[PDB]
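A short write-up of the structure that comes next.
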Amino acid sequence: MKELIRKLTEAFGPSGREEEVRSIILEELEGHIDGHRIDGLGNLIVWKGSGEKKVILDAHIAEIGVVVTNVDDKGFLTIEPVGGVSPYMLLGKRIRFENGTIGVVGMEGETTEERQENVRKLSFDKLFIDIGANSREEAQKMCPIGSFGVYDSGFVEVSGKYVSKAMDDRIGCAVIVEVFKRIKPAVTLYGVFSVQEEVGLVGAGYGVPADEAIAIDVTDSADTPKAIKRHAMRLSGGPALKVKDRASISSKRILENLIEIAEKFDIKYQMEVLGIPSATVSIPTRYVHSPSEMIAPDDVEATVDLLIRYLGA
Amino acid sequence: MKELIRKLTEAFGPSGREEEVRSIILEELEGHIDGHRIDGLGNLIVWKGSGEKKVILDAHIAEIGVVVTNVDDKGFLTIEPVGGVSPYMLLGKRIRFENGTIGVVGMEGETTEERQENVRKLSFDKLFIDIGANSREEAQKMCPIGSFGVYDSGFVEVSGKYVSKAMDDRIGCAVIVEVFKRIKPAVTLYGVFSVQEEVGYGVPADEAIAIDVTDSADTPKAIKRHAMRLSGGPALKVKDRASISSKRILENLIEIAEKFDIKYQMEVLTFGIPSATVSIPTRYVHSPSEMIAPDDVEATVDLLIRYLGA
Ligand code: NA
Ligand code: NA
Numbered sequence: 001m002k003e004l005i006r007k008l009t010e011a012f013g014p015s016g017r018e019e020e021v022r023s024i025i026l027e028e029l030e031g032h033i034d035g036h037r038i039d040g041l042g043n044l045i046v047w048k049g050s051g052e053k054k055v056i057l058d059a060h061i062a063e064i065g066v067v068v069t070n071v072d073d074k075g076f077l078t079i080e081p082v083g084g085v086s087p088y089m090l091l092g093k094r095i096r097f098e099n100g101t102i103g104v105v106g107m108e109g110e111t112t113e114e115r116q117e118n119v120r121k122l123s124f125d126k127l128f129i130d131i132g133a134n135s136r137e138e139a140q141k142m143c144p145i146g147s148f149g150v151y152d153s154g155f156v157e158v159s160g161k162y163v164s165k166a167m168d169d170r171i172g173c174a175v176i177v178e179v180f181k182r183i184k185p186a187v188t189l190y191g192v193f194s195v196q197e198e199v200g201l202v203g204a205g206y207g208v209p210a211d212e213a214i215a216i217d218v219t220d221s222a223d224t225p226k227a228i229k230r231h232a233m234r235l236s237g238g239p240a241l242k243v244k245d246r247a248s249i250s251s252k253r254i255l256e257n258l259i260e261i262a263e264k265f266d267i268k269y270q271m272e273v274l275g276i277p278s279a280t281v282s283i284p285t286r287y288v289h290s291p292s293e294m295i296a297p298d299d300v301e302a303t304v305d306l307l308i309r310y311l312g313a
Numbered sequence: 001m002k003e004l005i006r007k008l009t010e011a012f013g014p015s016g017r018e019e020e021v022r023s024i025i026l027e028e029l030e031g032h033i034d035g036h037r038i039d040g041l042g043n044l045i046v047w048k049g050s051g052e053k054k055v056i057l058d059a060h061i062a063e064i065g066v067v068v069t070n071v072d073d074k075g076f077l078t079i080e081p082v083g084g085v086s087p088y089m090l091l092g093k094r095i096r097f098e099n100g101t102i103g104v105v106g107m108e109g110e111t112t113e114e115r116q117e118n119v120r121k122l123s124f125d126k127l128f129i130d131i132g133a134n135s136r137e138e139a140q141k142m143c144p145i146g147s148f149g150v151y152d153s154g155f156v157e158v159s160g161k162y163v164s165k166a167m168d169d170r171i172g173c174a175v176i177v178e179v180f181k182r183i184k185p186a187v188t189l190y191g192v193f194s195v196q197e198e199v200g201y202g203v204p205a206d207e208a209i210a211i212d213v214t215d216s217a218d219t220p221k222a223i224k225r226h227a228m229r230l231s232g233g234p235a236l237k238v239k240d241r242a243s244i245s246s247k248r249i250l251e252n253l254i255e256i257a258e259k260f261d262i263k264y265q266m267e268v269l270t271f272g273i274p275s276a277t278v279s280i281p282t283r284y285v286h287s288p289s290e291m292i293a294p295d296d297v298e299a300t301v302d303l304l305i306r307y308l309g310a
């Protein structure tokens with residue numbers, strides 16, 4: 001599963017430009033699905049099995065990133081965030097653009113005073129990206145306005161932990177793919193690798209009737225220094241099963257099912273305390289929205305096992 | 001080209017299941033190409049020639065259709081569209097599935113009033129497909145959930161016009177095949193029979209020309225000016241956002257048409273590697289009876305052969 005996670009997390013797929021991720025998902029699923037299609041909205045749907053009960057597993061396919069909004073006379077780029085990228089995570093960082101261009105993020109300010117006031121209240125309008133261009137014309141040919149970029153950071157093993165960009169939510173995508181690769185389904189199983197509308201716009205179950213929908217997401221792992229929170233999710237604590245405050249009767253039934261499956265098959269799990277009946281299963285992740293998101297492989301394996309025990313014959 | 005168009009339009013090839021279309025294309029191209037490959041997504045790429053300039057001709061091989069999304073206790077199928085199938089185009093129509101299973105599309109509504117209400121705002125949730133099964137078990141053996149169906153229509157010649165399903169875009173596929181059959185290329189010529197919409201081609205070409213279909217707006221009450229029409233020739237697509245290089249391809253094609261005396265028409269604006277689009281005027285797009293004029297297809301083949309040939 002390590003190579004699968006490496007490929008999916010390293011793939012280029014900021015919001016709206018996720019074609020490479022869909023391609024990797026389809027190639028990885030070759031010989032393991034009965035069919036696939038893309039719906040009008042861009043969601044990738046795959047399926048396997050013929051059981052009477054129909055179940056959707058849903059993971060988001062986009063990653064956070066940036067988009068070029070301006071090019072100045074000296075070839076420097078202005079950017080804005082796509083998703084939850086903090087400007088503080090971009091300082092001195094490298095960005096990989098869709099066409100392969102690498103850029104360096106710098107901050108405006110010459111004097112120590114100016115730079116210090118700028119970092120104290122850092123905003124995107126104080127950042128720029130250097131792609132090595134010496135003119136607007138050079139930069140426009142290399143990285144036109146509207147170009148998307150992602151963290152130029154890849155997969156690395158950190159003493160048994162896995163670290164990469166875009167664990168949120170490529171690790172969920174990886175869980176679903178791996179379940180499809182292994183499972184002999186007792187259900188009709190759907191995998192949905194879903195898009196998300198920009199905040200401010202109309203938003204999207206999908207184009208498939210089903211009895212249950214399980215979202216495979218990430219959740220913050222609050223097990224780092226000085227974390228002083230009850231209800232804390234931790235690495236190696238297992239899949240996090242979400243206790244939703246306003247959940248329907250049918251949704252609570254799914255949650256209880258998963259608890260029983262986990263307990264009966266000796267699968268580690270933890271309870272996360274904040275239409276198709278739904279449940280959420282999450283991978284505990286450190287440093288969400290950084291270029292170095294971190295998971296514990298045993299949590300991911302436990303999540304795959306939980307789903308296979310629940311849905312497999 | 002008649003038999004080539006018959007075979008390609010009648011072939012079974014909804015999105016994701018185009019094996020028969022690829023087989024026909026390679027059978028028609030045997031002895032006319034230098035090589036081919038099918039990539040991991042299912043794109044079929046062929047090539048011929050060794051000129052320094054590399055040119056791609058692209059057409060997509062999927063046709064519109066339906067996908068089975070449920071089966072009820074009595075064997076009736078629930079369906080969703082794949083591509084631009086209107087529910088009004090399915091009423092009382094036959095659908096063919098991959099193993100040759102034929103189904104009939106029905107609409108819910110017992111009384112005349114219920115049916116009158118349902119056709120006023122027809123939606124897929126009021127449609128079903130009857131494949132002759134008498135139970136879920138019988139239906140699931142023939143046509144499991146996730147099965148794709150296409151129109152159960154075929155090719156017929158109508159007073160010199162060609163009518164079939166899937167002119168969009170099997171007619172573009174046919175154009176590319178016919179070019180490879182006839183051309184002695186001055187370029188290295190690539191033909192890409194694409195499935196790229198499956199992910200929303202490993203050839204570093206200099207130009208790409210998409211061969212597509214465009215609506216022929218020459219039917220009754222069509223009052224749009226500069227409308228595309230049957231027998232007006234290949235429709236050359238005007239692009240507003242186009243690069244200088246993309247505009248150059250379009251200007252090149254206009255010059256070829258005029259210098260070789262090939263009929264052509266300009267598809268006006270409505271408000272990657274350099275590319276242009278050349279389209280076949282087609283009536284009744286997305287119906288089971290898409291209609292082209294063979295002289296437009298021939299003119300399109302000629303345009304590409306004269307642009308790209310030695
Ligand atoms: Na061949
Ligand atoms: Na079609």
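Chains as they are written, first to last, in this note's numbering: chain A, 1 to 313; chain B, 1 to 310. Built from N, CA and C at the ideal position, the CB exists for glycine as well.
CB contact flag (residue i, residue j, <8 Å)
i, j, result
"B:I61", "B:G16", "no"
"A:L44", "A:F148", "no"
"B:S231", "B:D296", "yes"
"B:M142", "B:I129", "no"
"A:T188", "A:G35", "no"
"B:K54", "B:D206", "yes"
"A:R182", "A:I261", "no"
"residue 393 of chain B", "B:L77", "No answer is possible for residue 393 of chain B: it lies beyond the span of chain B, which begins at 1 and ends at 310."
"B:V175", "B:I209", "no"
"A:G106", "A:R94", "no"
"residue 320 of chain B", "B:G172", "The question about residue 320 of chain B has no answer here: the residues shown for chain B are numbered 1 through 310."
"A:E197", "A:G191", "no"
"B:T300", "B:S164", "no"
Integer Cβ distance of residue i from residue j, believed to fall under 8 Å
i, j, result
"A:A227", "A:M233", "About 10 Å separates the two Cβ atoms, so there is no contact after all."
"A:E108", "A:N118", "6 Å"
"A:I5", "A:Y162", "6 Å"
"A:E18", "A:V195", "7 Å"
"B:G233", "B:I262", "7 Å"
"A:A139", "A:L311", "Wrong, their Cβ atoms sit about 50 Å apart, outside the cutoff."
"B:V66", "B:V46", "Between B:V46 and B:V66 the Cβ distance is about 30 Å, and since that is not below 8 Å, they are no contact."
"B:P220", "B:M1", "The Cβ separation is near 28 Å, so there is no contact."
Closer than 8 Å at the beta carbon, the chain A residues around residue i
i, result
"B:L41", "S23, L26 and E27"
"B:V82", "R37"
7 Å Cβ cut-off: residues of chain A touching residue i
i, result
"B:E98", "Within 7 Å Cβ-Cβ: nothing; B:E98 doesn't reach chain A, min ~10 Å."
"B:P144", "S50"
"B:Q140", "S50"
Cross-chain neighbours of residue i in chain B, by beta carbon under 7 Å
i, result
"A:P209", "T69 and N70"
"A:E157", "Here the premise fails: no neighbours, minimum Cβ distance about 27 Å."
"A:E19", "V199 and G200"
Per-residue contacts from residue i into chain B (C-beta, under 8 Å)
i, result
"A:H36", "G16 and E198"
"A:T112", "Simply none; closest approach about 44 Å."
"A:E263", "By Cβ distance, chain B contributes nothing, its closest Cβ being about 32 Å from A:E263, past 8 Å."
Range of the contiguous alpha helix (DSSP H) that encloses residue i
i, result
"A:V195", "Here A:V195 belongs to no alpha helix (DSSP H), and DSSP marks it neither H nor E."
"A:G172", "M167 to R182"
"B:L29", "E19 to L29"
"B:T112", "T112 to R120"
Residue range of the beta strand (DSSP E) that includes residue i
i, result
"B:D58", "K54 to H60"
"B:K7", "That residue, B:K7, is in no beta strand (DSSP E); its alpha helix (DSSP H) goes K2 to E10."
"B:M107", "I102 to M107"
"A:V218", "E212 to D220"
"A:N70", "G65 to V71"
"A:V46", "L44 to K48"
"B:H36", "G35 to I38"
Listed by chain order, chain B residues near residue i by CB distance under 9 Å
i, result
"A:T9", "The premise fails here: A:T9 is roughly 18 Å from chain B at the closest Cβ pair, so nothing lies under 9 Å."
"A:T188", "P144, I145 and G146"
Any non-hydrogen atom of ligand 3 within 7 Å of residue i CB
i, result
"B:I64", "Ligands in the displayed structure: ligand 1 and ligand 2; ligand 3 is not one of them."
inquiry  = Extract the residue ranges of the beta strand (DSSP E) inside the stretch 233 to 298 of chain A, only unbroken runs of 3 or more that lie entirely within it.
reply    = Taken in chain order, the complete beta strand (DSSP E) segments of 3 residues or longer contained in the stretch 233 to 298 of chain A are 240 to 243, 270 to 273, 278 to 285 and 293 to 295.
Ranges of the beta strand (DSSP E) found wholly within the stretch 75 to 103 of chain B, counting only runs of at least 3:
Qualifying beta strand (DSSP E) stretches, in chain order: 77 to 82 and 94 to 97.
Task: Length-filtered (4 minimum) alpha helix (DSSP H) runs lying within the stretch 123 to 166 of chain A - done: Fully enclosed alpha helix (DSSP H) runs of 4 or longer: 136 to 142.
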